Amino acid sequence: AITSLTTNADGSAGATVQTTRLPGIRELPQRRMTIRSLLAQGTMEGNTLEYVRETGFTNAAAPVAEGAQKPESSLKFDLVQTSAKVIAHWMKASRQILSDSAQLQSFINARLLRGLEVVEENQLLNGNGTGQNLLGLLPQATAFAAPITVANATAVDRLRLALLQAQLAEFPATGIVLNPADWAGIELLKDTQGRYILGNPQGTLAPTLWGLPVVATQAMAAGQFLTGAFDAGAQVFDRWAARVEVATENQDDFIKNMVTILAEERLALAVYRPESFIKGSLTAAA
Amino acid sequence: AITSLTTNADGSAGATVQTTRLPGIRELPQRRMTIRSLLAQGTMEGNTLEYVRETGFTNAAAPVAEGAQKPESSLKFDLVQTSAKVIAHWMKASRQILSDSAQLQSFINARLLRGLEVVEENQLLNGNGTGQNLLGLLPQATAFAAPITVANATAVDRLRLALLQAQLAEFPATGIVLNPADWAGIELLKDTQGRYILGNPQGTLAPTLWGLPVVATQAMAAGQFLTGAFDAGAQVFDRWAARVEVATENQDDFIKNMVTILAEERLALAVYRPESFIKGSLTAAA
Amino acid sequence: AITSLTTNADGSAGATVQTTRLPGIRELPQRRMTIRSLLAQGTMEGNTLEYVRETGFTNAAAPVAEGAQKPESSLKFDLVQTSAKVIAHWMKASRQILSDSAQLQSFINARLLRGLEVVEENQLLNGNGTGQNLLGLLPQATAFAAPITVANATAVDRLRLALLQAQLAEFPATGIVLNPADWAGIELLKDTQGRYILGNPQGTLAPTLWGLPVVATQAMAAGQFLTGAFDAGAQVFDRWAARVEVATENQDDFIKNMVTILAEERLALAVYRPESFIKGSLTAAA
Amino acid sequence: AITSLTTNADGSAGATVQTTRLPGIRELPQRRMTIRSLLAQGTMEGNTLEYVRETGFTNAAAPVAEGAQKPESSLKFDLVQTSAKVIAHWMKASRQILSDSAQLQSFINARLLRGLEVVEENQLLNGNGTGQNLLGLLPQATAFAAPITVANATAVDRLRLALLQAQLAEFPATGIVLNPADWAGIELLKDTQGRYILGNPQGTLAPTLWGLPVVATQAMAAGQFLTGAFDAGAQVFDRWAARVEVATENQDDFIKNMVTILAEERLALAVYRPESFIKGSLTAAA
Amino acid sequence: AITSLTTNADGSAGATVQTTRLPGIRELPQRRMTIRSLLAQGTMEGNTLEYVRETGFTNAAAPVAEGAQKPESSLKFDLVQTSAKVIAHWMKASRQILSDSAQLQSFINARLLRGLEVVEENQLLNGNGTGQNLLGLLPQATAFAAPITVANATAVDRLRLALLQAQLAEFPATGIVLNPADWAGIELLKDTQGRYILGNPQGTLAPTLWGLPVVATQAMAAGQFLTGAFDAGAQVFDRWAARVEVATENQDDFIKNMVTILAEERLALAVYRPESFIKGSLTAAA
Amino acid sequence: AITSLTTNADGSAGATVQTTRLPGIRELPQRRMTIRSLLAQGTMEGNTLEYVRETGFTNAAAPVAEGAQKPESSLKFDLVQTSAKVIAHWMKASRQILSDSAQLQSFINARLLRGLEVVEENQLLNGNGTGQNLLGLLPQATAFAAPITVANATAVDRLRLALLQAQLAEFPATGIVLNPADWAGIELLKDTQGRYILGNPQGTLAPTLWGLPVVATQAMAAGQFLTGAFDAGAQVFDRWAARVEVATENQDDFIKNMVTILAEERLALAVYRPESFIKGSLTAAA
Amino acid sequence: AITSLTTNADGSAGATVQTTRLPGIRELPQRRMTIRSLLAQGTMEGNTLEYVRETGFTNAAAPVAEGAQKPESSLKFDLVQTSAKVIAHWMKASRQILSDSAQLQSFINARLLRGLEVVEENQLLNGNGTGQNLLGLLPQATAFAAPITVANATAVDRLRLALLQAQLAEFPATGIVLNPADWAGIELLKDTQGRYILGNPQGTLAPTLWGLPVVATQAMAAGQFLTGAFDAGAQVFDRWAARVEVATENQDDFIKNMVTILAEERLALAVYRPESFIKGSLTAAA
């Protein structure tokens, strides 16, 4: 009998129907990439930067008599330099594949310059600074030392101690950065009875601790926190931009009907006062 | 000794009284069958649907030297197709038994309509997908792994960990489905002193948890939960509607005084994102 | 010396003073008779009541191929019947004791039919139904089995578990019935510190719990509870009414100057769904 | 020189200054005497009051078969009688003391009238009943027994248990009476942590407990409480009123220039239902 | 060289600049002296006052038989006398010091009155009465004995027990007076955890306890308290006033150019009820 | 290949790129300059200030007998002197370094001005007064002796004891000054169950304790407090401004090509009440 | 008679002549300041200056075939730095002398400037470079090596060979600097028969040898010569100028009524190509 089969037997009649194509493409998810918005921004017109910073001030001012002579003071200075690194990548597509799927060219243009961001931020936060890498905020900040003793340390108390330590250095903190896996663990704090300190099973938690903005990014290792003033403690200078270029004659690609697409960034980072950033671990690690 | 006895003896006279009959028919109780309204609905034509998705991205971006070769990158696509299945069932009623029960016809119709919903819900929840079956949400869900370690196991804590794991993969959750027994167990959580954390003996608990709606259904085994975004994570495409037909000449039924009544639905299901659904145990089981 | 003494001594004169009688008769207090108003009321005019109920519904719906034969279903029905019982009692009094206290007859008439309600309620609530008794709600409901495990055994927890078990049978509860002593023991619930969870020494506690009304009748045994929906679960049919009648020649009471008074009830009870009633013990009993 | 001295030396002159007398007489304070207002008031015209009360009633209503015989019930009655007692006292004064201070007569009259109420209330509350005394509420009140069990013996728990015991006998309570010292001791109740339960150091406490008015009188012994309904539980009948008379020829008081004053009350007390009053001790006494 | 020295050497020139004088006199601080505002005021015209007060009342009223003699009562009276004392002092000043510093005249006048008030309050509060002293409240009030027993000795419980002891003698209190060094100790009460009972570190505490006003004065000894009804149990009578006299010829102040100033008070105190005031300590004193 | 290398190989061309200098100088932070604002300010037009105090006031004011000489008493006065002191300093700059870096004249002026105020506050706070220094508030303050004894020594308890000791001397306090480390330690105060007393992780703590404003300054050593009244307890008199002068011919600086810059302040301090300041240690130190 | 005499005799009226003074001051002779005019001029800001020098060029250009490849060339650079030096001197006069004659101040200024010019030239021609000396042209010039052999090698022959050697490196010479004594000795060269080598002494032309103008200055030591391209091989950068300053207040000059005048200058010298200068000795053996 007539059926939906598509074989070569009698009464197949399966090719009369056609498949329906659902519109759109199921794209992969992307992260938030909020690190760059914290710091200040600027431009340069070269390869290296240079700035001068004060280092000392004696201030030998004392009360003096009527006939005696006043004492003298002095001061010192120092110089700091940096450098700019470049990150780039390319991708090659044939000519027949293009102009067949209309929304692919632009698709690639959206997938290239996005991939520049991720690595860039991974360079901005924790870059070892050796080779062609960059020097990040995390491997350049100071360590966590307790100013005052507390009998039983808690993850919330340790952050307040870090704030106090940053304030004793005349550098008030402005923001906190830590892993979302730990910002959620903070919501799961218990007393010795069983109540919740910050968590609320029938609500949500605002992103604020001790009156300072707090941010969670996947680029931070689990069990670490970085606190301090970001707007006035560091800056990012853009030498080049995130432009995307198309080349149709690279190597022997003209006589093989292909094309290549390239993107590059060339940014740089400067940290004026490394002692205004505190980095530490949330766990005691006894 | 005239009594109400009906036995064949002296002075029985028990057959004079006639028993009365209470009107109406008492039926078995029903369930809710409320997982279809969670998802989205749509219409289809033909037998097969197909969609195109992105299945990879390399993003091999890295810093480069001044005169070195830039790194490569690549994309990858895939096409996934789903088919439509038919669910149907019939029963056969003698012609003489009808017209003696004036309400049997509507009862049969209602039972046939209700019988499709149960099997539809069972297939939508957890269907093997081999043969004529339909692939359901539960078999495609990812396993539950705790991102962090918590001191004491609690259903609220486990649900929060599941939400965190959902959020780590850039797939925010929207709804929770769990057994009503576990909801009652949650409502009976206490302290070390003996107070109630969420329960209210002089009231009732609202149906929400961690800002996400929670739904209780007997369709899931006790000690299991399922969290995800149903409004966009899957869809149900209907080909036919629930239809009922009555036949009097099927086979040799004209010469046997019988009728047949048959019902059929022919729906189908499409799951865009298998990784956006999390299933697991609400108890530690360790 | 004229005094108030009433002896045989000289100058007693104490018998001239009369003693007066306080009007009215002081009688014992009565009960509330709460059970009967909970259920539904009706009238019957026979000896036996019967109704038809569905017992099975074989669902065999399943997916099928394009050229495969569809499955079959089946139904069943049964009849359930009950009967009407009679409770009655009489009282015989002398003929001289009447017309001496003119109000004894009315007192006996009132008490004779007022004592029927207590036995009627006791039979309605707890009657084993074997022999001449009536089948009550208590011996026919289902025993309390814990659906989920709870570490500590409190009365409110067991009540919540009973409501959960009732809901698991797709039968929501509507009322709770238990002894007033157990409802008073609930107010005296202390923490480990010494505070009260529900009670208020300067106020009173409303007769509600978990959103369900609670009734405390002395008819319920101490240490037991019964939960369920009463309006749509069972009914009581009144065949006869409160009938009180007098007789002067019963037995040899014409040659003894006596009289007899009689009262009878002749009610019936029909229970529809024994699965919607949960009976249990408030204590752990283990 | 001239001074304020009053000796025989020269220039004393101190006797020319008199002494000012402060007007009025300072008096001892007064109690409240707030038990007579709890009971009902009545009048009697003889010496003895009698009333008939309907004691225990046993019904035997039970289900019966088709031809079996019906059960039998019975009643009982009792008659109780009371008596009237007299309380009086007199005081003797001289005629030279009178007519010197024109306010001693009214003072003695008021003192004689007031001194009766103290002993009258002492008899009404706690009267032995043996001899010429008057049987009070406390000797005939019902002892305290625990219907249910409680771990910690706190006074509020004991009062609630007493209210429960009164309610079980179908005799609701309406008032509580106890010593003010015990009320203050109840005020200073502590948890295990150290906080107050009912006492508010910056405020006061309302005169209610468990929804029933509470009265603190010095008449009740320390460590005792009496609860029940007072309006319908007893009555006081006034044969004579507070009567005061003055005599001059009494005994040989005409040749001694004296006078005598006498005061009499002659009240009586009747208790209808002796089992509606519960008496007990607040302490464990174990 | 020219300098700011004042020696006899060359180039001193330091005497050409004068010293600027800051206006006003920096004075010593004074207390409040609010003891006299607690009691009532009055005016007397002689030297001695006396009042008459009832002392006792036997009230030997008892129930009597029909023909028995009735019991006899009795009463008493007493007369109590007071006295008036004088406190005064004087100052001697040279005639040339005045009119050189114009404000010394009023300064001496104010100091005289302040010296009068301080000794007045110190004598009113506690004077042994021997010699020319005055009889104060401290050596005349009744000691403290706890009517009941409390497990934990806290100052607030001791004050409540003092109020109870005042009530048991039928003398309600109106105010409490104690050292301000103990108000802080009361404000510093803790739980067994570490919380605060009364005082909040972020506010102020109202001066009230158990509904009675609290007065803190340095005059009361540290560790002692005194409570009672001040406005009705004592009074202060003013024979003379606080006038000031100025004399020029005292002994030889006319030929030695002096002047003298004198101040006198001449007050008296009358205490009616020495049992309405209770004094005691706040510690356990064991 | 032309690159950015700077070696002696071919195609180096690394010397053609010049560094860029960021404008401005990165300077060290200030602290608060907050002590001066607490005290009151005034102006003087000389070299020495004086004021007059009254110190002793004997008070006999005793009760006197009739005909006896009244006792006498006396006053006292004295003068207090204070002198102005000059604090100043200078700095020597080469003539070559000036006019090469344009921003050194303004920088040096600003740093001299800022270094004046640090010594100003350090001398106002704790100066021993010997030599040519000032006598500050700290050495004139009163040691901390606890009036009462408190079991648990908390920082807030010690502060309350300080306010109590201030109040006992008729010198109420107005402000509190302590290290910010102790303020942070006060924020992290725990119960025994692990909760917070004053701290709030989702907010900030207002600077107020016991109704007194609190300022935290690095000037106080760790663990010290200086409770007192500042506005009316001391004053600061300014004579000279904080002008800055430049000289190009001081000594032999014309033949050495040098310049000098000088700054002078010449303030003075006058403390009226040395007894209203209580200094002490916050830690138990026992 | 009346003659122009001065003796004390008749006539002799020659003491009324008023001998006239010729305006202006005749002065010593000075050199012509030749060296500075040869080199290039420029202005500099700061203390040190840097410049980039090209130190290689391959220039692999060659003819190419029809379809052959092309060669590459490449380059290389480097960078070098130079500092600045200070030359100054001063003189002091008495403010009486330079107030009597105005022109002496201008003469002093001119003499100071001329001394600065002379010292500047002497440092430019030959400086050690150690300490604060400049690095002149002479200590940097390359040695002299004869490219062509000659028989007798007189001074003229050696100079011609030096010009040939300078030309053989694409740096044509522009002048010769040598001592005036050496130039005179060269001009007085005698032939074998008695004539002059350099033409005849009748030529009225500026000094010139081999078509190049010679410079006869005493700054260079006798017996040596320097040749090269001054106009494009060396630059003099003026940071400051030859200004003059006057100071009236100094070490102690205000007391002694003196005044000081200072003249000072800063300069730098840059030698781009040290191989463009040939230095040598005119005598072959020495």
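Residues numbered from 1 in each chain as written, not as in the entry; some residues may be left out. Chains lettered and ligands numbered in written order. Heavy atoms only, no water.

1. Some details on the interface of chain A and chain F
Convention followed: Contacts are assigned to residue pairs with any non-hydrogen atoms lying within 4.5 Å of each other. A quick way to say it: buried area is the sum, across both parts, of accessible area lost when two parts are put together, with a 1.4 Å probe. Salt bridges, as used here, are contacts in which a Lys or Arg side-chain nitrogen is within 4 Å of a carboxyl oxygen on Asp or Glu. The definition of a polar contact used here is a pair of N or O atoms within 3.5 Å, where within protein one atom must be able to donate a hydrogen and the other to accept one, and adjacent residues in sequence count solely through side-chain atom pairs. By definition, any uninterrupted DSSP run of H or I lasting at least four residues is a helix, any uninterrupted run of E lasting at least two residues is a strand, and each is numbered from the N terminus.
If you look at the interface, chain A gives 53 residues, while chain F gives 49 residues. Counting the surface lost from both chain A and chain F, the interface buries some 4600 Å², and carbon and sulfur atoms represent 58% of this. Looking at the side of chain A facing chain F, the largest losses of area belong to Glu50(A), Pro63(A) and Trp210(A), adding up to 14% of the total buried there. The interface formed by chain A and chain F holds five salt bridges in total. With its nearest N and O atoms 3.4 Å apart, the salt bridge here joins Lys70(A) to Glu264(F). Linking chain A with chain F are 22 residue pairs in polar contact, by the criterion used here. Broken down by secondary-structure element, the contributors of at least two residues to the side of chain A that touches chain F are β3 (49-57), β4 (62-64), β5 (75-81), α3 (155-168) and β8 (208-209) of chain A.

2. Let's talk about the interface of chain D and chain C
Often the size quoted for an interface is simply the accessible area lost on bringing the parts together. Test applied: For this classification, the nonpolar set comprises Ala, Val, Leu, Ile, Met, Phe, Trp, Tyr, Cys and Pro, the charged set comprises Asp, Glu, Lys and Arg, and every other residue, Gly included, is treated as polar. Strands are treated as partners if at least two bridges between them are detected by DSSP.
Residue-level contacts link 55 residues of chain D with 49 residues of chain C. Where chain D packs against chain C, one counts 23 residue pairs in polar contact. Elements with a contribution of two residues or more to the side of chain D that touches chain C: β3 (49-53), β4 (62-63), α2 (155-168) and β8 (208-209) of chain D. The biggest single contributor to the side of chain D that touches chain C is α2(D), with six residues. Its residues assigned to classes, the side of chain D that touches chain C shows 30 nonpolar, 14 polar and 11 charged. By the bridge criterion, two bridges tie strand β8 (residues 87-94) of chain C to β4(D) in an arrangement that is antiparallel. Residue pairing for β4(D): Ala88(C) is matched across the bridge by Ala62(D).

3. Focus: the pattern of salt bridges
Quick reminder of the rule: Between buried and exposed lies partly exposed: a residue is buried under 20% and exposed over 50% of the maximum accessible area for its type, with that area taken using a 1.4 Å probe on protein chains only.
Overall, the coordinates contain 78 salt bridges over all chains when judged by the stated rule. The salt bridge involving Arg273(A) is made with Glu275(A); its shortest N-O contact spans 3.5 Å. A relative accessible area of 10% means that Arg273(A) is categorised as buried. Within the structure, one salt-bridge network assembled from shared partners comprises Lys70(A), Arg243(F), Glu245(F) and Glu264(F).

4. Describing α3(A)
Each turn of an α-helix holds 3.6 residues, which means side chains three or four residues apart point in the same direction. Residues and elements named next belong to chain A. Selection rule: Helix span, as expected, comes to 1.5 Å for every residue beyond the first.
With 14 residues, α3 ought to run about 20 Å at 1.5 Å a step, and its terminal C-alpha atoms sit 20 Å apart, in line with that. With 11 of 14 residues buried, α3 lies mostly within the body of the structure. All buried positions along α3 are accounted for by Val 156, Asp 157, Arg 158, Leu 159, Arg 160, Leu 161, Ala 162, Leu 163, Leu 164, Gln 165 and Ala 166. The first or second residue beyond α3 is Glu 170, which carries a positive phi of 65°.

5. Let's talk about the packing of helix α4 (residues 180-187) of chain C against α2(D)
The test is simple: All axes are obtained by fitting lines to C-alpha atoms, using only the stretch in contact for helices, and the reported angles, taken between N-to-C directions, cover 0 to 180 degrees. Should an angle lie under 35 degrees it is considered roughly parallel, over 145 roughly antiparallel, and from 65 to 115 roughly perpendicular; all remaining angles are considered oblique. Each crossing gets its hand from how the near helix is turned against the far one by less than a right angle, where anticlockwise is left-handed and clockwise is right-handed.
Across the interface, α4(C) lies against α2(D) with an axial gap of 11 Å and an inter-helix angle of 165°. As judged from the angle between their axes, α4(C) and α2(D) are roughly antiparallel. Considering how the two elements wind past one another, α4(C) and α2(D) form a crossing that is right-handed. Residues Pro180(C), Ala181(C), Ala184(C) and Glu187(C) of α4(C) lie in contact with α2(D), whose contacting residues are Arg160(D), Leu164(D) and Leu168(D). In terms of residue class, the contact of α4(C) with α2(D) is built from five nonpolar, no polar and two charged.

6. Description of a nonpolar patch on the surface
All names here are of chain E. Quick note on the threshold: Every patch collects residues that have over 30% relative accessible area and no salt bridge, joining them within 9 Å if they carry like charges and within 5 Å if they are nonpolar side chains (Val, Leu, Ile, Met, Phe, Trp, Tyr). Computed with a 1.4 Å probe, the accessible areas rest on the Shrake-Rupley method; for each residue, only the protein chains presented here act as cover.
Judged by side-chain polarity, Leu 113, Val 244 and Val 246 come together as a nonpolar surface patch covering roughly 210 Å² of accessible area. With respect to the helices, strands and loops of the structure, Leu 113 is situated in helix α2 (residues 104-125). Overall, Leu 113 belongs to the partly exposed group, its relative accessible area being 32%.

7. Points about the pairing of strand β13 (residues 258-264) of chain E
Residues and elements named next belong to chain E. Extensive coverage of β13 is indicated by the burial of five of its seven residues. Bridging between strand β6 (residues 88-94) and β13 involves seven bridges; their strand directions are antiparallel. Looking at the pairing, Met 91 lines up with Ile 261 of β13. Strand direction decides the pairing type here: strand β12 (residues 244-247) and β13, joined by four bridges, are antiparallel. Bridge pairing in β13 places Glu 245 opposite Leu 262.

8. Section: the relation of the copies chain D and chain C
Spelled out, the test is: All copies share one frame, set by a least-squares fit on their C-alpha atoms.
When chain D is fitted to chain C, the best match, at an RMSD of 0.9 Å, comes from turning it 61° and sliding it 0.2 Å along the axis. Considering both components of the superposition, the chain copies are consistent with a six-fold axis. Measuring from the rotation axis to each C-alpha of chain D, the shortest distance belongs to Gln193(D), at 7.5 Å. Different-surface contact between copies: only 7% of interface residues of chain D are shared with the interface of chain C.

9. Focus on the packing of aromatic side chains
Note the following rule: Between rings of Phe, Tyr and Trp, where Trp is taken as its six-membered ring, a pair exists when centres lie within 6.5 Å; planes separated by under 30 degrees are stacked, by over 60 edge-to-face, and by other angles tilted.
If you walk through the whole model with that rule in mind, you get 27 aromatic pairs over all chains. For the ring pair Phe144(A) and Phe225(A), a centre distance of 6.1 Å and an interplane angle of 75° mean the geometry is edge-to-face. With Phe144(A) in the loop between α2 (105-125) and α3 and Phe225(A) in strand β10 (residues 224-228), this pair connects stretches of sequence that are 81 residues apart. For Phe144(A), a relative accessible area of 22% translates into the label partly exposed. Taking the centre distance of 5.8 Å and the plane angle of 75° together, the rings of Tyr51(F) and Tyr272(F) count as edge-to-face. Taken as a pair, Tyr51(F) in strand β3 (residues 48-53) and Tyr272(F) in the loop between β13 (267-271) and β14 (277-281) lie far apart in primary sequence, 221 residues in all. Using a relative accessible area of 6% as the deciding quantity, one classes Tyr51(F) as buried.

10. Quick word on the relation of the copies chain A and chain F
Superposition record for chain A on chain F: RMSD 2.1 Å, screw rotation 60°, translation along axis 0.8 Å. A share of only 4% of interface residues in chain A that are also interface residues in chain F marks the association as one of differing surfaces.

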